[PDB]
Amino acid sequence: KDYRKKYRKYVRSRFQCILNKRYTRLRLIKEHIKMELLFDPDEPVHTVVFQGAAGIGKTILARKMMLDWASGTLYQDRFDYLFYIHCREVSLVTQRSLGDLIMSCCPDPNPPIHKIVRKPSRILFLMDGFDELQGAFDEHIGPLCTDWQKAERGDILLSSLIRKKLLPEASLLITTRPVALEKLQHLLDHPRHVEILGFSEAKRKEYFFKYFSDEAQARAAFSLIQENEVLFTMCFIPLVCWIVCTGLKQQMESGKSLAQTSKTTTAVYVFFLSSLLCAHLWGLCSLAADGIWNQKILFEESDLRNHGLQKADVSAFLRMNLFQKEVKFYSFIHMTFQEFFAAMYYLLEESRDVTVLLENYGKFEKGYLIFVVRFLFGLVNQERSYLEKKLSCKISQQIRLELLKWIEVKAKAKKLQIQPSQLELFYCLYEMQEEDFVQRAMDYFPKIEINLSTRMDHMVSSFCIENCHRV
Ligand SMILES: CN[C@@H]1COc2c(S(=O)(=O)NC(=O)Nc3c4c(cc5c3CCC5)CCC4)cnn2C1
Ligand SMILES: Nc1ncnc2c1ncn2[C@@H]1O[C@H](COP(=O)(O)OP(=O)(O)O)[C@@H](O)[C@H]1O
Ligand SMILES: [Mg+2]
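What counts and how
- Residues numbered from 1 in each chain as written, not as in the entry; some residues may be left out.
- Chains lettered and ligands numbered in written order.
- Heavy atoms only, no water.
- Residues with missing side-chain atoms left out of burial classes, pairs and counts.
- Near = heavy atom within 4 Å.
- Polar contact = N/O pair within 3.5 Å; in protein donor to acceptor, adjacent residues only side chain to side chain.
- Areas by Shrake-Rupley, 256 points an atom, 1.4 Å probe, with all protein chains shown as cover.
- Helix = DSSP H or I, 4+ residues; strand = E, 2+ residues; numbered from the N terminus.
- Nonpolar A, V, L, I, M, F, W, Y, C, P; charged D, E, K, R; others polar.
- Pairing = 2+ DSSP bridges.
- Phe/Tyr/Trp six-rings, centres within 6.5 Å; stacked < 30°, edge-to-face > 60°.
- Buried < 20%, exposed > 50% of the residue type's maximum accessible area, 1.4 Å probe, protein only.
- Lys NZ or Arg CZ within 6 Å of the ring centre and 35° of its normal.
- Contact = heavy atoms within 4.5 Å.
- Axes fitted to C-alpha atoms, helices over the stretch in contact; angles between N-to-C directions.
- Parallel < 35°, antiparallel > 145°, perpendicular 65-115°, else oblique.
- Left-handed = near helix turned anticlockwise from the far one by under 90°.

**Student:** Mind laying out the site of ligand 1, listing which residues take part and the relevant values?
**Tutor:** Lining the immediate surroundings of ligand 1 are 14 residues, of which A54, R177, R374, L423 and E424 lie closest. At 3.2 Å from a nitrogen atom of ligand 1 is found a main-chain nitrogen or oxygen belonging to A54. Within the side chain of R374, one N or O atom sits 2.9 Å away from an oxygen atom of ligand 1. For ligand 1, whose unbound accessible area comes to 610 Å², protein coverage reaches 85%. A per-element tally of the shell around ligand 1 places helix α18 (residues 422-431) first, with 3 residues. Considering only residue class, the shell around ligand 1 consists of 10 nonpolar, 1 polar and 3 charged.

Shown next, in the form of structure tokens:
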């Protein structure tokens, strides 16, 4: 078992940072709890899927579980190997074997894979970010592989592993956004489903106090945040807390008095961009658009140079908080920022037509284009800064009109998880505060049905309904 201890030590080394102290627990609701009882029966479950909103903390949950297992505190008598598969890195088109996939996660270049697969009952895989798989993923592609040694396409390998036909006795855990279940239904095998909820108000304050190392700064920041309620109730998503606290730190550097007027998600992201920030921006948005359309999330130095980085602007300027270097490869800190920049790509004047963008919306192959549409809804409103002089004005009109038409076609129907749901058609309107546009769009709802499960849910529904009287 010497290699077992070596792998545990290497994993401890990798997942030590994010640090452990920074972790703030999030809620969970099984049956959709005890973290050590997830894989026990109440026969035994072999697949458990964690569903949650983007930015809710799926990846950090996976990394914390990794660290806990490495420390020997969690599943200490259940699993012997805990292989972290980052779905962002895995490529569907490329031909690879499961042995090579396992080797890609090990410390040394000579893993006893043959020894490892002797006891598959003590092996668990962590497919973190299923919606992040790039390219087209056929639901019924085959034939499904059987043995790890053999090499097949990424699609076949991933699907066969998911269908519990490759290493049948191995345990699996996939962390997916709920939008992607439409394609994950056909593959799952008697799955268990768990949900990540968000940050409670008490845990919101806890995070705000752990962010800072001095009492005065944390107290002032919390006081400023609480005094406005929309941002505070939208702060149950940890990524919003991260953005707001990082911006607060940036403002606190200088003597300027703190301030946060952000009312919507688009406003939050725009405030972040302004706080942390021409030739620099157009390439920054072209990179995001190309990555979204061409199914590229990680970009090589050559790719960065192609768009306009000009051998610079990323060593210091953009990497400050936007980009992140991984393993030559520079990605975006969070996919939401990439989608924000892709949406901005449609609203810069020196810009592909939005009609083709909307035509393929909610598709798994194209990345579901969800945050892109929401962010271009938010960014186009005329009511909403040095940046507003940059985004194109005339084109807005055209896209505005097209958006309206989209609404007209998407309300004469019903949908629950196929993506343009009534609630999601409303979230998009909420991002566009303009009263006139919201009224005209709401004019296309002869009947309304909505399922409400959070407080932001209730706020958005109430805002849409208030203008929905139809006069
Ligand atoms: C009725 N559909 C609503 C559609 O959305 C959403 C998701 S998600 O996968 O779309 N994720 C998000 O929408 N995340 C999100 C983010 C920010 C701010 C807000 C949300 C949702 C509440 C407000 C900033 C970072 C990501 C999950 N449930 N719902 C609710
Ligand atoms: N427990 C936590 N403590 C501190 N920050 C968190 C926590 N959970 C999530 N976050 C923040 O929320 C953001 C969500 O990103 P991440 O969880 O890595 O990916 P995903 O959005 O797929 O879950 C992160 O940038 C992180 O800073
Ligand atoms: Mg993630």
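**Student:** Account for the sheet that holds strand β10 (residues 329-332), with residues named and values stated.
**Tutor:** Strand order in this open sheet of 3 strands is β8-β10-β9, and the pairing throughout is antiparallel. Among the strands making up the open sheet, the edge pair consists of β8 (299-300) and β9 (323-326).

**Student:** I'd love a proper account of the site of ligand 2, names of residues and values included.
**Tutor:** Around ligand 2 lies a shell of 15 residues, among which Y23, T24, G55, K58 and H334 are the nearest. At a separation of 2.5 Å, an oxygen atom of ligand 2 approaches a polar backbone atom of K58. Coverage of ligand 2 by the protein chains reaches 89% of its 550 Å² of free accessible surface. For the shell around ligand 2, the secondary-structure elements that each account for two or more residues are α2 (58-71) and α10 (238-253). Per-class residue counts for the shell around ligand 2 are 8 nonpolar, 5 polar and 2 charged.

**Student:** How would you summarise the packing of aromatic side chains if you had to cite specific residues and measurements?
**Tutor:** Throughout the structure, instances matching the rule amount to 36 aromatic pairs. Here the aromatic rings of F39 and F79 are separated by 5.4 Å at their centres, their planes lie at 90°, and the arrangement is edge-to-face. Comparing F39 with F79, the two get one shared label, buried. Taken together, the ring pairs in this structure connect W242, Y269, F272, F299, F323, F332, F337, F340, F341, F371 and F375 into an aromatic cluster. The ring of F232 is capped by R204, whose NZ or CZ atom sits 5.2 Å from the centre of that ring. Over the ring of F222 we find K205; its NZ or CZ atom is 3.9 Å from the centre of that ring.

**Student:** How would you summarise the side chain of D68 if you had to cite specific residues and measurements?
**Tutor:** With respect to the element layout, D68 can be found in helix α2. Note on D68: relative accessible area 16%, which makes it buried. Side-chain polar atoms of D68 contact the side chain of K64, separated by 2.5 Å. What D68 contacts, discounting residues up to four positions off in sequence, is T73 and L74.

**Student:** Quick one: what's the story with the packing of helix α16 (residues 370-380) against helix α17 (residues 394-411), residue by residue and with numbers?
**Tutor:** One can describe the packing of α16 onto α17 by two numbers: an axis separation of 11 Å at closest approach and a directional angle of 130°. As judged from the angle between their axes, α16 and α17 are oblique. Taken as a pair, α16 and α17 cross one another with a handedness that is left-handed. Contacts from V373, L376, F377 and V380 in α16 reach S396, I399, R400, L403, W406 and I407 in α17. Within the contact of α16 with α17, the residues separate by chemical class into 8 nonpolar, 1 polar and 1 charged.

Worth remembering: the numbers are spatial, not functional.
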